[PDB]
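Undergrad: First, the structure itself, so that you have it in front of you.
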Amino acid sequence: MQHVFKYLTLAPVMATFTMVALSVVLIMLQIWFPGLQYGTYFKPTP
Amino acid sequence: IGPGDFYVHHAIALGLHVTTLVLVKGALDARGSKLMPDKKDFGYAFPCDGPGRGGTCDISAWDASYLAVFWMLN
Amino acid sequence: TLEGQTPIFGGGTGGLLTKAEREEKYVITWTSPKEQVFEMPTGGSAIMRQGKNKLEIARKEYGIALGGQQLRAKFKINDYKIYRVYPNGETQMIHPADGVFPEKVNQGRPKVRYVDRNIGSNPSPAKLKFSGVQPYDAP
Amino acid sequence: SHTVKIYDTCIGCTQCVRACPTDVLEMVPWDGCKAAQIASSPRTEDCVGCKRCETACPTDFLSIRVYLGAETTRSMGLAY
Amino acid sequence: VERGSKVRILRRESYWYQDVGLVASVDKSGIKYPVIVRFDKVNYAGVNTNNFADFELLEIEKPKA
Amino acid sequence: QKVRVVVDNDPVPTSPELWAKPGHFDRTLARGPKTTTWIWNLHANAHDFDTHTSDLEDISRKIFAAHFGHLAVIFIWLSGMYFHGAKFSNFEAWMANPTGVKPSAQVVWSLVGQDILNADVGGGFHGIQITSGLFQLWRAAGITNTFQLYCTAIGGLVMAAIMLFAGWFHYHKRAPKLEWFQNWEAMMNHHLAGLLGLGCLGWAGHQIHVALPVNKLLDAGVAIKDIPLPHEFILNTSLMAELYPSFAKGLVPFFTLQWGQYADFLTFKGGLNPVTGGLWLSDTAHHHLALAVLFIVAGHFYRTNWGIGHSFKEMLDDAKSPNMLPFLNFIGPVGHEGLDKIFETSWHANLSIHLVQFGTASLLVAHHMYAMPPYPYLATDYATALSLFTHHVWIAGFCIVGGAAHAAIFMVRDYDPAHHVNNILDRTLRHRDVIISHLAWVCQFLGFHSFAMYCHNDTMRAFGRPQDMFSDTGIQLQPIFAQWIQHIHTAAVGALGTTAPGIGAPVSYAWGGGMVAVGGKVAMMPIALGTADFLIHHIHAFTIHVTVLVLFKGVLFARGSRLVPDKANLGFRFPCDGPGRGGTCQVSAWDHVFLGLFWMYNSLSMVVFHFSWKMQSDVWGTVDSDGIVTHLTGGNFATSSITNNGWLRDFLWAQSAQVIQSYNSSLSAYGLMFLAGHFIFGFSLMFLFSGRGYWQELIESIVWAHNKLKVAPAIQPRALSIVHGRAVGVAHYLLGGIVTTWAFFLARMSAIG
Amino acid sequence: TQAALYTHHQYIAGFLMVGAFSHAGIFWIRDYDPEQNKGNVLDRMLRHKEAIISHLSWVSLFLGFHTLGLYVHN
Amino acid sequence: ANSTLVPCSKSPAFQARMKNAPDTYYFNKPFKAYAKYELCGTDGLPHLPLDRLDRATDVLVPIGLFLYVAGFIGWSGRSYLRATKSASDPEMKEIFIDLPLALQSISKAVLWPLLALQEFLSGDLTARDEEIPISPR
Ligand code: CLA
Ligand code: CLA
Ligand code: CLA
Ligand code: CLA
Ligand code: CLA
Ligand code: CLA
Ligand code: CLA
Ligand SMILES: CC1=C(C/C=C(\C)CCC[C@H](C)CCC[C@H](C)CCCC(C)C)C(=O)c2ccccc2C1=O
Ligand code: SF4
Ligand code: SF4
């Protein structure tokens, strides 16, 4: 089992987990707040 | 000029800086580099230094000018 | 004249050309303990005879490849010699030059094209302009 | 013909001589290294310029250098 | 220098020029380059050892104890 | 006794320890990374099993286990198509109205405006119009509802798990010995009679009992809900007799050799079904049934354990002079003797042949499926018809290049000169200059007399001298031999006189015999061949011969040449032998595969371009009530394809209107991918036109900056190897070009198809 | 004529610019010797060539990433 | 003052785009946000100017937010690399991420602007020129 834990720390595995996690964060930001633009961030919805 | 002109000048700036980068790197590495410390003894235009040390294709200063013409045309 | 029996070979397209008859040709001779199949340097397989063999080859690199990588490495044959044959009939033995293989140090061999410095101390080409001397040939 | 030069950083490992496909190099007695031998290039007329010797050389920088020069029939590796 | 010394290479054409290596052994004969230096980083040929002379080395740390 | 099952018990323990040891399979890679080149070498040598170990038995076990893993991948992919066609598709709506609904099985989420790609595909559905032909295949299989597709999706996942367990079992638990893998005769008998023969018989059973009854009702016009489930045609034998009377006689005619009674459902019609435009399912049922008998009989050809049969070794050792035909005795007194040693030890040699024959099979699939559309409503679905031909042409080209690649690997690694003494393999290598020189000459003849005549046509047309052009209206080049074959094949069925009286309709309408229309669109019609077809076919002959020249030179000179006599010692894949001998760049057999990939791409691009333009110009179109056909490009192939200005203008420029104007519509993805393919193609030129010496020196200055900020990595950055740069360049080149054509083909057909 | 003249003189200018750096690289190998240029401004440039090349690489990367990125965003 | 850019809520071309936009999630609220906050050109599309003392936070907030995140990633990687140098096998620490070390590096990188300033003042940010590998001139 410790070998599987060591495998999960591999650079390609950590890169995939980091890229997926960041992709999900950005994807949900598009779903919750679509159309965000420069000069519009952190401003209340009209 | 509007936003369309803004972006193309930055494309031109990219082209100017890369073509300068290829030319300047070739000129300043003409004497030699870590991969070929004694490049000055081989002249301006030679094919390579063989497949050894990882491979040395397009290592001469002439090759940098050759690569820069592609970027100048672009 | 060079003595030996040519290996059993049915003919090939990678043999000698006009250069062999016009400029120069090479011959590799060796002695084998038995009849066995080897690979011709320019493609195909040939059968080397029981006694001493003689093979005509277009380039010197063919003899070094056959003798070095096949005769010595694979068949444990260490007595191969390479000759350069000219159209006029003159034949000179060129490998091994002094009867000892080059990779083994032999007394009496002089130092040829030795530079008494490290390679980083070659002079700049600007110092040798119009003199005809290359930086690696500079004293 | 190509020019092959051997510099004083040679350690006499004989690897360049073994790697040469046309027998340009041989090992000669020397005293500048522990191996008491140095590479020599008596037969540069047979040099093709493959630079296999430079690849085999373990010193840094190279103890053997090939400078491609005038092209002949045997330096171009021509069987015709 | 001596065995175990931490040195900085001064040979200009060396891959480890101005880099740091560790002295492995010193030859007591009169050869041109008696000092053997080992490096953590391999060069472009994958080699991590080379021979240097004393004047091509700069002692930066004495051997331990 | 000779054929037996011998295995080893628990040869490899099942432990995840080596998962945390990257590069363990290779001695050099096991020590760990010192430069970034180590990372690339790990992936490059991952599946090069013969370099992991020299034990052939261990290699063969790796081949067997990995093949189960790839079967699991295919089953997961197949399960995905069935599941997406059962959960996110308009399949049920399409089954009701095949000619008025676009198939769609992919639906996108709505987060960044990408929901615009959910096209109006009809049937009250929004999604991407698929071109894989899944709906037409499923309808021909009798599938009518999404539940049946859902069951097949679950079955695919179960089969994927079974395949995965089989690979683990046959490598970690019971791994066969090398003797097991070397049973040629047993393997052929089981794969001919048991895999191809039994599969054809099993599918014939599915067709006769399920596909024909369901499709006969569908073509009669009854609703989906009124069609009984497939098992009802097996239980209630009265239903099956109404559709085909001969089932009232049961199995009696089969066992009494009175098979003529079965003519009502095992038909031999030829042609196409007028309702759907596909082949008669009764025709395909008798086709597969005849294949099953032929394959099963073929599966008793080889001698395994009972004396009867043929032996591969005896057959090969006999094919030599003077046992050959008198004009075929040139193969020498050894002949095929010694070739048996190749198949005992070389996996690469078998992979070379098998990849070639998948190229042959996939090429036959491409050519024979457009001209003889086997699925209902496939011919009139122009988007699917173009995609299927193009896809299988491309798959064939890669497989053919792979066959030449692993033929070269066999020569470098597995070839043994002692095994081949004056045999045909040895003799071929001994006149390789004969073969390559003649192939080089015929390539120049073909290039001059195919492409330079296009340049002749461009200059004559530009001069205003159409009468001097190579065209139907000028200097004619009629493909008389191909025209003669079309007339012979049309007259064979009755549409060198009636040589096939049993077929009623023409075998393919592409050769003649009439036109078939389904939904106001042409399914198939005679494909006339003129001067333009003569020129384009000899373009194909030229491009194929050159691709052969590149690959076959690499195989024949893999061991060495007059330039580098010891390339075999240098290996299959090495960059060069230095700048000496004038320069020996790209001498290895690997770079001949690398160069051959470009020529395969160039050859096949013109094949799919020839198909796309000719079908749009002379076959596909709409038929009015009066029977007048207006084609998609109005028959401009004959006059415009004879110059490459016409290809530039009337094919590339004109037919790219759909993809170039697809922004702000459901086809905008094809527009984006059209530019994406162009980018990757230009991006690849950086790797192909440059060398690693420049990039390594550039990395030196970049590494200096990271060293200045104490952020230089321990794994030293290295430029890609010379071979790696070539591999990256060719990979991005083919990806960019193929994606560009993919978007070009699909965008146009999704709009006007 | 206006389009022809502008394109003609810009492309010629690009070729001349490549030649300026090409013969600059030739100058380093053939005509430059460190002894007679010891410590001058020409020698100083050669002594921080890595900083020059790396910063030119950064400008090229910054321009390329953001100019192309904004195009494909649009 | 700039006159060729006007507020999007007062641009007839922008109103034409707003009216003709599809009534989906992607256009309903974003168009309202553009109308109140963005300046539009004659083409009716929002334009981003850099010639306004006002709405300076509209320029500084995205710039500062990115620079903090990019510096956070860069400082995490730099501190992690420096910590692995003392290890026996630093290359092995790069293809195998050390979780305790990566978490420690990430935690400190939150305050990277302060740490970078301290390193620069103490001379620990950069290595000396003569101790960096270079090629012969
Ligand atoms: C009739 C017997 C039979 C059948 C059907 C097969 C079938 C197959 N063999 Mg095979 N083989 C056999 C006997 C048989 N073998 C014998 C006797 C030997 C020893 C000489 C071998 C030695 C051998 C080797 C060394 C290799 C194969 C491989 C393969 C596969 C080739 C890939 C392919 O076409 O996918 C076909 C795709 C399918 C989905 C076919 C179905 C796959 C399953 C496993 C078959 C189950 C059928 C079974 C009767 C259950 C039927 C249920 C129902 C219909 C009643 C294929 C599954 C290759 C492979 O990929 O191995 C994994 C391979 O490398 N075989
Ligand atoms: C059944 C098919 C089959 C099989 C079993 C093999 C098996 C093998 N091949 Mg082979 N090959 C095949 C088909 C096949 N090939 C075909 C069709 C071609 C023609 C293109 C080749 C061309 C080829 C070459 C040129 C070489 C091999 C090599 C090898 C050996 C090592 C495998 C390797 O390098 O890992 C593969 C490792 C990789 C990293 C490859 C993955 C990268 C691919 C190219 C990217 C694909 C792009 C993707 C599909 C689309 C875009 C993706 C998206 C993310 C952008 C192995 C024996 C090598 C060898 O040494 O043989 C002894 C070798 O040099 N093959
Ligand atoms: C000559 C072989 C042959 C041919 C012409 C066909 C033809 C057909 N099959 Mg079929 N099939 C075959 C063999 C064949 N099958 C075998 C062996 C199996 C598995 C045991 C199946 C299983 C199968 C299923 C499950 C289905 C079909 C279907 C179909 C129809 C769709 C079109 C198609 O598949 O492409 C036509 C294919 C070709 C033109 C060529 C491919 C055939 C093989 C690969 C040729 C191999 C030759 C090779 C290159 C030479 C080998 C080297 C040599 C030394 C021997 C069509 C009528 C579908 C249908 O519903 O029918 C309406 C369907 O669902 N087939
Ligand atoms: C359009 C570009 C182009 C052209 C014209 C060629 C032309 C050729 N390539 Mg080639 N190639 C190209 C791109 C091109 N390549 C690219 C991009 C690659 C990278 C993959 C390759 C890779 C490649 C390989 C790997 C091979 C070739 C081969 C060939 C030759 C094939 C024989 C032939 O067609 O003779 C006929 C010649 C032509 C069709 C050329 C055009 C002639 C024009 C139309 C007529 C000229 C009239 C008159 C003579 C002009 C004289 C006027 C005077 C003032 C000069 C031929 C010289 C093969 C070869 O040498 O085999 C013999 C070969 O092995 N090429
Ligand atoms: C006034 C301007 C000028 C002058 C005096 C020189 C002079 C020189 N250059 Mg130079 N150069 C220039 C501009 C100039 N260049 C520009 C603008 C560029 C950028 C493109 C270059 C790029 C360049 C490189 C890369 C190299 C030189 C070299 C040389 C020297 C040797 C010339 C040579 O190779 O033989 C004569 C060479 C030729 C005649 C080349 C053949 C023609 C080429 C291939 C163009 C193709 C012809 C085209 C189709 C039609 C053109 C018109 C036709 C009438 C020719 C020589 C001192 C070389 C050198 O010093 O070696 C160390 C060298 O390697 N130059
Ligand atoms: C379309 C063609 C194309 C493109 C895009 C590039 C791009 C680049 N070249 Mg280049 N080059 C090309 C053709 C091209 N080249 C050709 C034909 C030649 C002649 C041989 C050269 C010769 C050349 C030289 C000599 C030099 C360059 C340099 C550069 C870089 C400077 C620009 C930059 O940093 O922008 C930023 C980078 C880009 C725009 C590249 C694209 C980045 C992608 C889009 C990021 C996408 C990430 C995404 C997750 C990937 C998906 C996953 C995927 C891996 C599966 C850049 C990587 C210079 C360099 O490296 O300096 C730093 C340099 O010295 N090139
Ligand atoms: C580990 C973090 C890190 C840091 C702090 C730097 C810092 C620097 N790099 Mg750099 N670089 C890195 C990683 C890093 N690099 C990686 C992984 C690559 C390979 C793609 C490069 C490739 C690269 C090139 C080609 C160039 C620089 C340049 C530069 C300098 C200015 C431009 C810049 O910030 O790069 C901007 C960033 C990039 C160009 C690409 C890096 C993006 C990757 C994906 C970040 C990865 C972070 C890492 C995985 C996080 C792990 C931490 C975790 C273990 C805790 C600066 C000294 C330039 C220079 O020398 O100018 C003076 C230059 O030309 N870098
Ligand atoms: C450009 C180029 C290089 C330079 C390319 C290199 C060193 C490879 C770089 C690979 C990178 C590191 C892969 C990762 C790139 C990804 C786009 C990063 C994703 C980052 C996420 C945060 C998005 C060569 O080394 C080379 C060698 C031989 C012939 C031609 C060439 C050649 O053309
Ligand atoms: S492949 Fe590269 S290293 Fe090899 S000979 Fe060609 S240019 Fe030189
Ligand atoms: S390979 Fe290098 S170190 Fe070894 S003997 Fe030859 S020149 Fe000397």
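Quick note on naming: the chains in the structure tokens go A, B, ... in the order shown, residues restart at 1 in each chain, and ligands are numbered from 1 in order of appearance.
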When the cut-off is 6 Å and we count only C-alpha atoms, which residues of chain H are near chain E, given as a list in words?

TA: residues 131, 132, 133 and 136 of chain H

Undergrad: All residues within 8 Å of ligand 5 are required, counting only C-alpha atoms and all ligand atoms; please report them as a PDB file with N, CA and C atoms, in the first residue's frame.

TA:
ATOM      1  N   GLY B  43      34.977  27.880 -37.639  1.00  0.00           N
ATOM      2  CA  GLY B  43      34.502  28.824 -38.628  1.00  0.00           C
ATOM      3  C   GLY B  43      33.053  29.215 -38.427  1.00  0.00           C
ATOM      4  N   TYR B  44      32.583  30.067 -39.339  1.00  0.00           N
ATOM      5  CA  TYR B  44      31.220  30.578 -39.255  1.00  0.00           C
ATOM      6  C   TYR B  44      30.191  29.533 -39.665  1.00  0.00           C
ATOM      7  N   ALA B  45      30.453  28.797 -40.742  1.00  0.00           N
ATOM      8  CA  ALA B  45      29.472  27.891 -41.336  1.00  0.00           C
ATOM      9  C   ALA B  45      30.045  26.479 -41.375  1.00  0.00           C
ATOM     10  N   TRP B  62      26.187  30.300 -38.444  1.00  0.00           N
ATOM     11  CA  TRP B  62      25.482  30.363 -39.719  1.00  0.00           C
ATOM     12  C   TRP B  62      24.080  29.785 -39.600  1.00  0.00           C
ATOM     13  N   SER B  65      21.582  32.327 -38.311  1.00  0.00           N
ATOM     14  CA  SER B  65      21.122  33.205 -39.381  1.00  0.00           C
ATOM     15  C   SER B  65      20.142  32.481 -40.294  1.00  0.00           C
ATOM     16  N   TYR B  66      20.400  31.199 -40.560  1.00  0.00           N
ATOM     17  CA  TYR B  66      19.478  30.388 -41.347  1.00  0.00           C
ATOM     18  C   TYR B  66      18.113  30.291 -40.675  1.00  0.00           C
ATOM     19  N   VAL B  69      16.089  33.755 -40.802  1.00  0.00           N
ATOM     20  CA  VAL B  69      15.402  34.127 -42.035  1.00  0.00           C
ATOM     21  C   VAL B  69      13.962  33.636 -42.011  1.00  0.00           C
TER      22      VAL B  69
ATOM     23  N   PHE G  15      15.659  41.666 -44.807  1.00  0.00           N
ATOM     24  CA  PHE G  15      16.846  40.952 -45.268  1.00  0.00           C
ATOM     25  C   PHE G  15      18.121  41.663 -44.839  1.00  0.00           C
ATOM     26  N   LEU G  16      18.144  42.993 -44.947  1.00  0.00           N
ATOM     27  CA  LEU G  16      19.317  43.751 -44.527  1.00  0.00           C
ATOM     28  C   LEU G  16      19.560  43.601 -43.033  1.00  0.00           C
ATOM     29  N   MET G  17      18.487  43.577 -42.240  1.00  0.00           N
ATOM     30  CA  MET G  17      18.637  43.409 -40.799  1.00  0.00           C
ATOM     31  C   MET G  17      19.230  42.048 -40.462  1.00  0.00           C
ATOM     32  N   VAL G  18      18.805  41.003 -41.173  1.00  0.00           N
ATOM     33  CA  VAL G  18      19.394  39.683 -40.972  1.00  0.00           C
ATOM     34  C   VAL G  18      20.876  39.709 -41.318  1.00  0.00           C
ATOM     35  N   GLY G  19      21.230  40.368 -42.422  1.00  0.00           N
ATOM     36  CA  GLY G  19      22.627  40.455 -42.812  1.00  0.00           C
ATOM     37  C   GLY G  19      23.486  41.204 -41.818  1.00  0.00           C
ATOM     38  N   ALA G  20      22.923  42.222 -41.168  1.00  0.00           N
ATOM     39  CA  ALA G  20      23.680  42.975 -40.176  1.00  0.00           C
ATOM     40  C   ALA G  20      24.129  42.074 -39.035  1.00  0.00           C
ATOM     41  N   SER G  22      24.165  38.700 -39.251  1.00  0.00           N
ATOM     42  CA  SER G  22      24.945  37.603 -39.812  1.00  0.00           C
ATOM     43  C   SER G  22      26.424  37.958 -39.854  1.00  0.00           C
ATOM     44  N   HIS G  23      26.748  39.143 -40.369  1.00  0.00           N
ATOM     45  CA  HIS G  23      28.134  39.578 -40.410  1.00  0.00           C
ATOM     46  C   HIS G  23      28.633  40.038 -39.049  1.00  0.00           C
ATOM     47  N   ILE G  26      29.934  36.792 -37.946  1.00  0.00           N
ATOM     48  CA  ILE G  26      31.191  36.564 -38.649  1.00  0.00           C
ATOM     49  C   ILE G  26      32.307  37.391 -38.024  1.00  0.00           C
TER      50      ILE G  26
END

Undergrad: So that each row is one residue of chain F with an atom at most 7 Å from ligand 8, can you give its shortest atom pair and the distance in Å to one decimal, using only C-alpha atoms and all ligand atoms, rows by chain and rising number, as a tab-separated table?

TA:
residue	atom	partner	partner_atom_place_in_ligand_line	distance
F:686	CA	ligand 8	33 (O)	4.6
F:687	CA	ligand 8	33 (O)	3.2
F:688	CA	ligand 8	30 (C)	6.3
F:690	CA	ligand 8	30 (C)	5.1
F:691	CA	ligand 8	29 (C)	4.1
F:692	CA	ligand 8	28 (C)	3.6
F:695	CA	ligand 8	25 (O)	5.3
F:696	CA	ligand 8	25 (O)	6.7
F:718	CA	ligand 8	7 (C)	6.2
F:719	CA	ligand 8	25 (O)	3.5
F:720	CA	ligand 8	25 (O)	3.9
F:721	CA	ligand 8	28 (C)	5.7
F:722	CA	ligand 8	28 (C)	5.1
F:724	CA	ligand 8	28 (C)	6.6
F:725	CA	ligand 8	29 (C)	3.8
F:726	CA	ligand 8	29 (C)	6.4

Undergrad: Dump N, CA, C and O atoms for the selected residues as an mmCIF file, in the first residue's frame?

TA:
data_model
loop_
_atom_site.group_PDB
_atom_site.id
_atom_site.type_symbol
_atom_site.label_atom_id
_atom_site.label_comp_id
_atom_site.auth_asym_id
_atom_site.auth_seq_id
_atom_site.Cartn_x
_atom_site.Cartn_y
_atom_site.Cartn_z
ATOM 1 N N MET F 686 8.808 24.089 -36.849
ATOM 2 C CA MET F 686 9.910 24.499 -35.989
ATOM 3 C C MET F 686 10.798 23.317 -35.630
ATOM 4 O O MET F 686 12.026 23.442 -35.637
ATOM 5 N N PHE F 687 10.199 22.164 -35.334
ATOM 6 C CA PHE F 687 10.975 20.978 -34.999
ATOM 7 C C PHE F 687 11.652 20.367 -36.219
ATOM 8 O O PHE F 687 12.785 19.886 -36.116
ATOM 9 N N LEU F 688 10.986 20.381 -37.372
ATOM 10 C CA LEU F 688 11.511 19.738 -38.569
ATOM 11 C C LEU F 688 12.625 20.538 -39.234
ATOM 12 O O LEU F 688 13.572 19.950 -39.767
ATOM 13 N N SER F 690 14.728 22.747 -37.799
ATOM 14 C CA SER F 690 15.798 23.168 -36.905
ATOM 15 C C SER F 690 16.517 21.951 -36.329
ATOM 16 O O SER F 690 16.226 20.804 -36.673
ATOM 17 N N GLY F 691 17.472 22.223 -35.440
ATOM 18 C CA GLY F 691 18.252 21.173 -34.823
ATOM 19 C C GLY F 691 18.478 21.464 -33.353
ATOM 20 O O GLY F 691 18.404 22.608 -32.903
ATOM 21 N N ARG F 692 18.768 20.395 -32.608
ATOM 22 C CA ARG F 692 18.858 20.497 -31.157
ATOM 23 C C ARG F 692 20.085 21.267 -30.690
ATOM 24 O O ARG F 692 20.115 21.711 -29.540
ATOM 25 N N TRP F 695 18.917 24.699 -29.865
ATOM 26 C CA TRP F 695 18.028 24.749 -28.710
ATOM 27 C C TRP F 695 18.773 24.451 -27.416
ATOM 28 O O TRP F 695 18.455 25.023 -26.369
ATOM 29 N N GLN F 696 19.761 23.556 -27.464
ATOM 30 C CA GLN F 696 20.560 23.286 -26.275
ATOM 31 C C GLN F 696 21.336 24.522 -25.844
ATOM 32 O O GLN F 696 21.416 24.829 -24.650
ATOM 33 N N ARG F 718 17.449 19.479 -21.003
ATOM 34 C CA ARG F 718 18.146 19.146 -22.234
ATOM 35 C C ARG F 718 17.209 19.345 -23.413
ATOM 36 O O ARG F 718 16.003 19.102 -23.307
ATOM 37 N N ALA F 719 17.766 19.790 -24.534
ATOM 38 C CA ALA F 719 17.002 19.809 -25.767
ATOM 39 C C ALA F 719 16.645 18.382 -26.169
ATOM 40 O O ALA F 719 17.310 17.416 -25.786
ATOM 41 N N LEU F 720 15.565 18.252 -26.932
ATOM 42 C CA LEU F 720 15.153 16.938 -27.399
ATOM 43 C C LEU F 720 16.248 16.322 -28.259
ATOM 44 O O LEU F 720 16.976 17.020 -28.968
ATOM 45 N N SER F 721 16.374 15.001 -28.179
ATOM 46 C CA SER F 721 17.342 14.302 -29.006
ATOM 47 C C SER F 721 17.029 14.523 -30.482
ATOM 48 O O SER F 721 15.935 14.952 -30.854
ATOM 49 N N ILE F 722 18.015 14.230 -31.330
ATOM 50 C CA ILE F 722 17.844 14.455 -32.762
ATOM 51 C C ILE F 722 16.673 13.638 -33.291
ATOM 52 O O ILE F 722 15.848 14.136 -34.065
ATOM 53 N N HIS F 724 14.204 12.489 -31.419
ATOM 54 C CA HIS F 724 12.994 12.962 -30.755
ATOM 55 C C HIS F 724 12.437 14.207 -31.434
ATOM 56 O O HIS F 724 11.218 14.346 -31.584
ATOM 57 N N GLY F 725 13.311 15.125 -31.848
ATOM 58 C CA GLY F 725 12.847 16.294 -32.576
ATOM 59 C C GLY F 725 12.184 15.930 -33.890
ATOM 60 O O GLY F 725 11.201 16.554 -34.294
ATOM 61 N N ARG F 726 12.723 14.924 -34.580
ATOM 62 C CA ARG F 726 12.085 14.431 -35.795
ATOM 63 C C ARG F 726 10.738 13.789 -35.487
ATOM 64 O O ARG F 726 9.770 13.970 -36.234
#

Undergrad: Determine, counting only C-alpha atoms, which protein, DNA and RNA residues have an atom within 9 Å of an atom of range 60-62 of chain E; residues of the same chain fewer than 5 positions away are not included. Present the result as a PDB file with N, CA and C atoms, in the first residue's frame.

TA:
ATOM      1  N   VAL E   1      45.330  20.892  -3.570  1.00  0.00           N
ATOM      2  CA  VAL E   1      44.121  20.213  -3.123  1.00  0.00           C
ATOM      3  C   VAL E   1      44.443  18.786  -2.701  1.00  0.00           C
ATOM      4  N   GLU E   2      43.457  18.110  -2.117  1.00  0.00           N
ATOM      5  CA  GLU E   2      43.621  16.735  -1.673  1.00  0.00           C
ATOM      6  C   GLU E   2      42.263  16.051  -1.695  1.00  0.00           C
ATOM      7  N   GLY E   4      38.771  14.588  -0.939  1.00  0.00           N
ATOM      8  CA  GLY E   4      37.690  15.108  -0.132  1.00  0.00           C
ATOM      9  C   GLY E   4      37.520  16.609  -0.184  1.00  0.00           C
ATOM     10  N   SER E   5      38.429  17.325  -0.838  1.00  0.00           N
ATOM     11  CA  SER E   5      38.319  18.773  -0.930  1.00  0.00           C
ATOM     12  C   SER E   5      37.189  19.168  -1.871  1.00  0.00           C
ATOM     13  N   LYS E   6      36.496  20.246  -1.522  1.00  0.00           N
ATOM     14  CA  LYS E   6      35.447  20.816  -2.354  1.00  0.00           C
ATOM     15  C   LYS E   6      36.057  21.960  -3.152  1.00  0.00           C
ATOM     16  N   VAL E   7      35.976  21.875  -4.481  1.00  0.00           N
ATOM     17  CA  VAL E   7      36.708  22.775  -5.359  1.00  0.00           C
ATOM     18  C   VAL E   7      35.766  23.376  -6.392  1.00  0.00           C
ATOM     19  N   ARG E   8      36.210  24.484  -6.979  1.00  0.00           N
ATOM     20  CA  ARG E   8      35.510  25.150  -8.068  1.00  0.00           C
ATOM     21  C   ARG E   8      36.376  25.090  -9.318  1.00  0.00           C
ATOM     22  N   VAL E  20      31.028  23.536  -9.057  1.00  0.00           N
ATOM     23  CA  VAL E  20      31.673  22.971  -7.879  1.00  0.00           C
ATOM     24  C   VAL E  20      31.699  21.455  -8.001  1.00  0.00           C
TER      25      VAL E  20
END

Undergrad: At a cut-off of 12 Å, using only C-alpha atoms, what residues contact range 10-22 of chain C? Leave out same-chain residues fewer than 2 positions from it and give the result as number ranges by chain.

TA: C: 6-8, 24-27, 40-47, 55-60, 62, 84-89; D: 73-74, 78-80; F: 332-333, 421-423, 426-437, 557, 560-563, 565

Undergrad: Give the residue list for ligand 10 at 9 Å, counting only C-alpha atoms and all ligand atoms, as a count of residues only, sorted by chain and then by residue number.

TA: 34
